[PDB]
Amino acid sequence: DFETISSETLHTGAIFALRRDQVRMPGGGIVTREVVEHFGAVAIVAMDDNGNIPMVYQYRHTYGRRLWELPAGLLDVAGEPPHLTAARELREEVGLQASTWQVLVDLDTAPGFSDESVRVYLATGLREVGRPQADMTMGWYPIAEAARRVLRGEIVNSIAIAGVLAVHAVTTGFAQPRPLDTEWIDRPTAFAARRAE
C-alpha cells in the first residue's frame, strides 16, 4: 500500500494547517501530496412539522459573495462529541432546539487536498428559543423548493447540496435517516491532534 515517507508542516493557522507529505505509491514511486488538515464540521437539516428547513445566507470571502448554506459549525472544541456541537450550533446560529437527532449524510468536501469531513444531522421536533445574525440572514424553505434550488444552481455550497438532496430523498420516501451511532468513517483528527498542545 501507500505510505507516508516523510512529512513537513508548511503553515499553521486559525482553522487549519498545511502539511506536505511524500508518499510511496505502490510499488516504487514517490509523490508529493499536500494536505490542508482541518477541524471537521457538522451541519443541520432542521425539518419542521411541515417539511420546512432553515438556511443561512452567509458571505464567503472565497467567492466574493453570500451563499445559501445549512446551519453548521467547526469541530473546534477539543473532545466535544459532534452531535453535541451540532445541537449547540443549531441554537447559536438559528435559535432552534430539537428533540430528535439522526444522522442524515456525511461528506468529504475536497478529497483532492483537505481531510475536512462533515457530518450532516437531521433534527426534528423543533422549538424556537432565540438568537436568529451579525451579517447572516437566514430564511426558511420547503424541502422540495430547496431541492429545486439545488437543481437550478441557486444553492451551491456542497454541504447544503448533500444535506438538502439527502433530506429530499427522505421526504419522498426513497431513503431513511440513520441512528446517531452510525460510524463517521472520515472524522478528522490530525489538526485536533496538532492543536493539543
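One-based numbering along the sequence shown.
Per the record, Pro132 and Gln133 are separated by 4 to 9 deposited residues that have no coordinates. The question of which stretch, 105 to 113 or 80 to 88, has the higher mean Cα B factor is settled in favour of 80 to 88. Comparing 116 to 124 with 93 to 101, the stretch with the higher mean C-alpha B-factor in the PDB entry is 93 to 101. Comparing the listed residues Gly163, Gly40, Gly27, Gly64, the entry records the largest Cα B-factor for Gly27. In this PDB entry, the Cα temperature factor of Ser158 sits in the bottom third of its chain's modelled residues, the lowest group.
Ranked against the other modelled residues of its chain, the C-alpha B-factor of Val31 as given in the entry falls in the highest third. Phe174: CA B factor lies in the middle third for its chain, per the PDB record. In the deposited entry, the Cα temperature factor of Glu145 places it in the middle third of its chain's modelled residues.
Per the PDB record, residue ranking by Cα B-factor puts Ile44 in the lowest third of the chain.
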